[PDB]
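These notes are about the structure you will find just below.
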Amino acid sequence: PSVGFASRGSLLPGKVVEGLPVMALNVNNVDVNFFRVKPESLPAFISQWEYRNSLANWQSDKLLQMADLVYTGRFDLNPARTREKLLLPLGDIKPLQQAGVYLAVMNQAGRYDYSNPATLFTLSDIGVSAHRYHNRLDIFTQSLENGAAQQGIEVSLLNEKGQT
Amino acid sequence: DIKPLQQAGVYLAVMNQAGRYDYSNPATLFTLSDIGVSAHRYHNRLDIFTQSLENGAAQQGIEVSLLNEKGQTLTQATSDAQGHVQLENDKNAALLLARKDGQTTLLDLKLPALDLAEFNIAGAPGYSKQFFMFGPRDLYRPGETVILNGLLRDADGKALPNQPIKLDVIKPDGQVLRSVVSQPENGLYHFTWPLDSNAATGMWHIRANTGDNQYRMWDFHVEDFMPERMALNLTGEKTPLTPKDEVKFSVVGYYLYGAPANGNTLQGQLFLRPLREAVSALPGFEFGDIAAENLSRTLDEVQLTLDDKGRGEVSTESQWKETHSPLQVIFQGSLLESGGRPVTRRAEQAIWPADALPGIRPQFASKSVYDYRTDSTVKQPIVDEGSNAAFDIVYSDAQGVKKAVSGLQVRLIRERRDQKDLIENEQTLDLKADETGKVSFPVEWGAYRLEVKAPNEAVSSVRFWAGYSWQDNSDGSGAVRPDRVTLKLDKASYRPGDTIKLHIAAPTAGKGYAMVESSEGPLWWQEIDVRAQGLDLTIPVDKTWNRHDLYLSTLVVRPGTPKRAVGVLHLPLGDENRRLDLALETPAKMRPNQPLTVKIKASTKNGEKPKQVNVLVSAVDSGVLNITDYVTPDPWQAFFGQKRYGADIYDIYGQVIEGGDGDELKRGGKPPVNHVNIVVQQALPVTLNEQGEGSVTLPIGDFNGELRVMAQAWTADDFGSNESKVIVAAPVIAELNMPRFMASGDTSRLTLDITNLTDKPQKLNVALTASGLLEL
Amino acid sequence: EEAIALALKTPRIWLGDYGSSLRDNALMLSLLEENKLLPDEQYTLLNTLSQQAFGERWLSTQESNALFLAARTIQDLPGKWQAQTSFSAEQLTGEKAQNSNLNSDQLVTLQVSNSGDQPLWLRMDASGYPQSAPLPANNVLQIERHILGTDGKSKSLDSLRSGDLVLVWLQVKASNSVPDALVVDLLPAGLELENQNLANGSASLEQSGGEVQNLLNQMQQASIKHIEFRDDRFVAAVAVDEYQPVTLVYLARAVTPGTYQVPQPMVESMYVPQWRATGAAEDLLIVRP
Amino acid sequence: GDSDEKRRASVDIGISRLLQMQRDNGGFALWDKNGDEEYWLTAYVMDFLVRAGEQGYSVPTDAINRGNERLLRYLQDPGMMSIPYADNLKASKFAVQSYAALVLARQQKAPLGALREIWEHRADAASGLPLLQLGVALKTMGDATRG
Ligand SMILES: [Cl-]
Ligand SMILES: [Cl-]
Ligand SMILES: [Cl-]
């Protein structure tokens with residue numbers, strides 16, 4: 017009688033998307049809520065979130081105060097009684113196609129629990145590989161799947177306060 | 004537009020903000036239905052009355068799902084004009100539900116029944132065969148013989164066959180001392196047994212079992228008392244004083260042997276206390292400012308001497324002239340003997356800041372909540388945090404009649420947790436005469452106080468806490484109180500041959516029912532209409548109604564939500580021809596060590612046939628009877644007096660949505676013997692002759708005081724009771740006042756009062772000597 | 003035999019042995035029983051255990067374990083008993099505990115013999131006034147008395163006048179639980195109790211005790227079985243323990259003028275009469291006219 | 077620490093709060109004016125409030141007088157003190173009276189008769205502090221020898 021995020025990763029590719037992987041057992045309908053993290057003071061969010069598997073109800077007030085809700089989507093599944101993992105169609109969600117780091121908090125339709133499965137993610141087929149030195153930093157932009165789209169102007173380097 | 008919610012069953016709505024995650028989310032239990040049931044619970048059955056909200060009284064009722072503690076339906080059927088239902092009642096019954104597909108109405112028996120505190124539904128619970136337990140007194144000393152008499156009759160005071168009644172003697176600890184099987188002698192039960200000298204002190208009782216296994220109690224005190232030798236009367240004023248008035252108490256003291264308390268000292272205490280329960284006609288309604296300071300004080304210590312007539316006056320100037328709350332002055336007066344032993348009594352004087360005051364009654368329960376600021380658990384009216392708090396507000400006089408007023412300052416104050424009292428909300432209330440104002444305020448958390456101020460400056464306030472309830476609830480402290488329907492009757496008493504004419508004066512119009520009830524069920528199952536401002540209706544009193552627990556009831560509803568109102572009134576069937584005119588002829592004054600003669604004369608107008616009248620004569624010292632203000636046992640009031648209302652009313656109009664032995668004395672030491680004299684006499688039951696005449700001679704010993712002559716009379720249905728006061732006094736009284744005991748090596752100033760009660764001057768010599776463990 | 007004899011004379015993480023006096027006394031009992039040695043010492047430990055279990059608020063798992071193992075075999079024996087006594091020409095027999103009241107003639111010549119085939123258990127409790135007033139003493143229990151005026155101040159026991167109301171304050175303490183403490187406060191002959199059970203004919207404790215509300219609140223918290231307002235004494239049946247001292251307050255009146263001896267306040271256990279205390283000796287009580 | 081402005085504002089808040097814990101007899105309770113009296117803490121808070129006055133803070137005159145009246149009851153009447161949880165009741169009573177004595181003496185309000193009678197029970201002390209407080213009180217009120 018459970019359903020949770022299986023990958024627990026920070027980046028899903030824009031290409032070969034297949035949404036977010038979720039492992040479920042006897043759960044037919046799942047209500048997932050998506051929140052776009054405020055671009056300003058984003059390092060303060062990552063340090064508070066610490067890339068968790070679930071979200072506590074009391075600690076949610078401080079963390080979700082720097083993230084705005086964009087969509088409230090329920091998803092239809094068909095398991096009756098094996099703990100098979102499945103996809104999540106995200107391609108039809110227009111606000112998620114916009115820039116920014118997102119947080120998905122899923123729960124069973126009419127279930128009320130202490131903690132609900134949550135994950136921090138970004139939908140992108142871009143793969144950077146930075147190199148840190150005593151004075152400078154050289155970044156190498158690329159692309160996932162067949163292709164190495166190297167062009168890189170788009171480099172937002174933010175400090176501890178959360179300013180580029 | 005929600006199709007699954009249009010189906011039968013009880014629902015629960017849990018709401019939350021789209022993407023919010025909190026510890027608790029708002030939730031409510033509800034049922035969508037325009038059906039309004041009103042059940043009536045009885046000892047064996049349960050009669051339910053189905054109806055409808057808005058304009059319409061759709062009475063048809065087949066749809067009655069009565070579920071038990073497990074959750075299984077027991078019975079479901081239909082009956083009577085337009086619709087009604089009669090079902091079998093269970094001791095552990097829990098639910099009641101309405102309709103299969105046409106909506107659902109929830110009514111649970113677990114919730115408290117409607118509070119009928121404003122109605123006179125009080126009386127004896129003896130709806131079954133009546134057993135009147137009586138004796139000459141209710142106060143005994145350890146080592147005394149307890150005297151108890153009894154007469155067994157049916158529900159209508161008629162004689163029944165000779166049956167044994169099992170009597171148990173119960174101790175204050177609840178343990179039985181002795182069990183007997185009482186057999187009657189000439190229709191009279193008589194139980195006598197001696198209290199041990201090592202007997203426990205407190206409230207003892209004799210419990211009787213007629214066979215119904217529903218015990219009949221006879222309470223008696225067992226205490227180390229001293230009979231009073233003086234009478235003390237402390238009188239204030241019936242009508243409350245204004246805050247400017249001086250408080251005055253009139254004192255009267257006299258020796259019960261018939262002489263004033265001339266020169267006797269009266270020591271006492273004057274106290275100022277708040278008068279929160281200022282209107283007895285409105286039980287539960289609080290009056291005055293609970294936030295007001297210095298309302299509980301010790302005013303003065305009273306020290307005075309009574310005049311030659313045994314008279315005095317106690318007064319204190321007002322020190323609460325600017326009060327906005329009703330107060331009371333209590334005088335705890337002690338009239339002292341020449342030896343120092345007092346006769347203490349209390350008198351209270353009501354003080355009202357105006358002629359009419361505002362009163363508040365919370366509609367929510369009072370639960371025992373611990374307060375660490377006072378380090379003591381105290382029961383206080385509590386309501387759930389984030390919920391509305393309901394209150395009944397009335398502008399009443401001392402008598403209870405609600406007066407018309409406009410401009411009541413209804414203010415919701417939030418009391419400081421850890422600056423000053425924060426005024427949360429303000430209101431303006433207009434009241435009509437005989438109208439109960441109903442205010443509801445949205446409450447957050449912590450300490451709160453609801454205050455109402457009248458234009459005459461009179462302030463009334465009630466404190467209430469907002470938070471959690473960890474069970475520990477007061478037995479039905481949050482019960483629904485219905486609006487009152489003043490019911491009026493044409494005659495003071497009715498009989499099987501009479502016809503009752505009842506005037507139903509409801510606050511507004513409304514359909515429902517009008518009936519006559521008993522503890523076994525109703526007798527006038529239906530009557531439905533009410534129109535305009537009042538309704539005079541005829542009720543034919545039936546001949547088979549042979550009981551005195553019979554009451555009348557009405558119910559009215561009107562939509563704007565459909566406000567419900569209830570009316571209840573006792574139906575008197577006690578006939579005056581069933582009472583014996585018992586006359587007692589005793590001398591007003593008599594001498595000690597002489598026999599007292601009581602001349603009995605039983606009669607009744609038109610009839611005048613006192614056929615084989617039995618009389619039980621007794622004589623007890625008044626100083627014994629005054630300690631517990633003992634009432635002479637009346638057999639007529641016992642068998643025919645107003646019995647309690649045998650029904651319980653349940654309705655859903657309050658939940659409609661709007662928008663070893665002697666071992667302790669051995670360890671302490673053998674107590675000294677107290678040689679006080681208890682003057683109690685009970686002669687055998689005599690038979691009055693053809694004329695209804697008879698005489699009883701009671702031997703009176705060395706007693707100086709007042710004696711109460713008491714008599715009880717009976718036949719098969721005729722009952723009588725009378726009393727007379729006989730002063731027993733010598734020409735010259737010589738009485739010694741001494742401590743209750745003395746210890747070895749003590750010195751006591753004894754006092755001997757020599758009183759000349761002759762019209763002639765007396766010259767006497769008093770020769771004193773001491774024997775035993777006493778020396779002069 | 004030297005070690006065993008020394009053990010039964012030796013009294014009792016901290017020590018690390020998870021022990022207590024109660025536990026150790028029950029384990030020592032089982033050891034003696036198990037090894038069928040010193041049966042007279044077994045009976046001594048059994049009586050000592052009965053009083054310690056009675057005076058213990060809560061028992062640890064090891065205490066109840068040890069107590070159960072030491073007493074599981076005593077109820078497995080029949081309750082039948084036979085005795086030949088000094089106060090009976092006929093033999094006394096029963097299947098349960100049968101009490102027999104005795105007077106001073108019987109008690110001074112009291113002799114009991116076992117005429118049974120099993121051991122009999124006897125309990126003898128004798129009570130009465132001593133020839134002279136003993137000195138204040140205390141064991142397990144403690145009692146103190148103080149008299150206040152209705153103004154909440156200490157009352158000057160000389161400046162007492164006929165008619166005065168006084169508040170008599172008792173404080174009872176205990177070094178262990180006393181579930182059945184009996185407080186007997188014998189009155190001076192000049193003081194009469196304001197019988198609270200007969201409210202109409204007496205002064206109210208509630209009304210006259212507003213200046214000692216702390217004491218009334220403390221008294222409301224006490225576990226009181228009953229309170230008796232007798233002619234010569236105030237009596238209270240209460241439960242007391244080390245973490246919960248008992249406060250009692252009663253209203254009395256100065257009645258007969260005179261000079262009175264003041265009896266000391268007393269408290270004792272019904273089950274363990276050795277748990278007893280007599281409070282400090284007071285000055286004579288003078289009631290003025 | 078605090079700024080001088082914050083520190084002074086906090087003392088004023090504390091005084092007004094403490095005054096709401098003063099009972100009708102002048103003694104102080106733990107949280108409310110209706111709670112049970114706290115004997116040692118009444119001397120403690122009275123010490124605080126008198127010293128607060130010498131340090132430039134306002135305390136109402138009626139509250140100080142009521143407090144001092146109650147401290148005088150402690151010197152005169154140790155017998156009415158209910159301290160049921162005290163292991164050494166006489167030592168507790170002695171610490172209360174000695175503290176009460178110092179607070180009144182620092183205001184020249186401690187009667188020498190009462191101080192001399194507390195001094196007769198000096199053997200009841202379980203610490204040096206109550207004796208040093210009583211000593212300063214006796215010296216201040218005029219008995220330099222016993223002081
Ligand atoms: Cl007198
Ligand atoms: Cl074993
Ligand atoms: Cl016992």
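Residue numbers (the working numbering), protein chains in the order written: chain A, 17 to 180; chain B, 4 to 779; chain C, 3 to 291; chain D, 77 to 223.
C-beta: ideal position from N, C-alpha, C; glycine also.
Own chain partners of residue i with C-beta closer than 6 Å, once the 5 adjacent residues on each side are dropped
i	result
B/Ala622	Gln684, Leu701, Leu710 and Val712
B/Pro187	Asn165
B/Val483	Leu117 and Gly657
Nearest candidate by alpha-carbon position, reference residue i, set the options
i	options	result
B/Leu117	B/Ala568, B/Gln331, B/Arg534 and B/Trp221	B/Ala568
B/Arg417	B/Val446, B/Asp395, B/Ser399 and B/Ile396	B/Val446
B/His193	B/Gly313, B/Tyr258, B/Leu619 and B/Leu285	B/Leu619
B/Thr564	B/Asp50, B/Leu330, B/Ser55 and B/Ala11	B/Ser55
B/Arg140	B/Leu151, B/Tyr130, B/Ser131 and B/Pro674	B/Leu151
A/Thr135	A/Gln75, A/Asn69 and A/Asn44	A/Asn69
B/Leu307	B/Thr268, B/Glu778 and B/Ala281	B/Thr268
B/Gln272	B/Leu505, B/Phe288, B/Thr301 and B/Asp358	B/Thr301
C/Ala205	C/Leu169, C/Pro190 and C/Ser179	C/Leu169
B/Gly524	B/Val67, B/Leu599, B/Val88 and B/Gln75	B/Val88
B/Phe744	C/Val237, C/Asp243 and C/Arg232	C/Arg232
B/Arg181	B/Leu191, B/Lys169, B/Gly190 and B/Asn189	B/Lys169
B/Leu69	B/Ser321, B/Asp50 and B/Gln63	B/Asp50
D/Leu178	D/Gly77, D/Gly111, D/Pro136 and D/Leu208	D/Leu208
B/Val305	B/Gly342, B/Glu280 and B/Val254	B/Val254
B/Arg452	B/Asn459, B/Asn692, B/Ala469 and B/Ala586	B/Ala469
B/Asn759	B/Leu753, B/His327 and B/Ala733	B/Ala733
Own chain, CB closer than 7 Å to residue i, minus 5 neighbours either side, in chain order
i	result
B/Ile333	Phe274, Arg276, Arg349 and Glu351
B/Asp159	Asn549 and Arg550
Contacts that residue i makes with chain G (C-beta to C-beta distance below 7 Å)
i	result
A/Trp74	Of the protein chains in the structure, A, B, C and D, none is chain G.
Contacts around residue i, its chain only, beta-carbon distance under 8 Å, and the 5 residues preceding and following it disregarded
i	result
A/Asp84	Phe51, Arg52 and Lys54
Considering only heavy atoms of ligand 2, list every residue whose Cβ is less than 7 Å from one of them, following chain order. C/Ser32, C/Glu36 and C/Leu71
Touching by the beta-carbon criterion (3+ pairs, under 8 Å), the region 110-127 of chain A and the region 46-53 of chain A: yes
Using 8 Å as the cut-off, can you tell me whether the region 394-413 of chain B makes contact with the region 434-442 of chain B, which would need three or more C-beta pairs spanning the two stretches below that distance? yes
Mind the definition here: the region 139-155 of chain A touches the region 85-93 of chain A only if three or more C-beta pairs lie below 8 Å; say whether that holds. no
Cβ-based contacts, 8 Å cut-off: residues of the region 313-346 of chain B near chain C: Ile333, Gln335, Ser337, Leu339, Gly342, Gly343, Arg344, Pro345 and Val346
What are the residues in the region 125-157 of chain C lying within 8 Å of chain D by C-beta distance? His148, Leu150, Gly154, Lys155 and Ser156
Mind checking the region 105-139 of chain D against chain B and listing, in chain order, the residues whose C-beta falls within less than 9 Å of any C-beta there? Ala105, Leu106, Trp107, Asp108, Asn110, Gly111 and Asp112
Determine which residues of the region 241-270 of chain C have a Cβ less than 8 Å from any Cβ of chain B, and write them out in chain order. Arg255, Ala256, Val257, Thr258, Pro259, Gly260, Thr261, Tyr262, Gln263, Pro265, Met268 and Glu270
Who's in the neighbourhood of ligand 3, going by beta-carbon under 6 Å from any heavy atom, listed in chain order? C/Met272 and C/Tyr273
Could you list the residues in the region 722-747 of chain B with a C-beta less than 9 Å from some C-beta on chain C, going in chain order? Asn740, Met741, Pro742, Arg743, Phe744, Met745, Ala746 and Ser747
What are the residues in the region 372-394 of chain B lying within 8 Å of chain D by C-beta distance? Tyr375, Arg376, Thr377 and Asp378
Interface residues of the region 175-189 of chain C facing chain B [CB-CB below 8 Å]: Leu184, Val186 and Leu188
Could you run through the region 653-683 of chain B and flag, in chain order, every residue whose CB is less than 9 Å away from some CB of chain C? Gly663, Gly665, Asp666, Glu667, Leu668, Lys669, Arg670, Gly671, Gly672, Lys673, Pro674, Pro675 and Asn677
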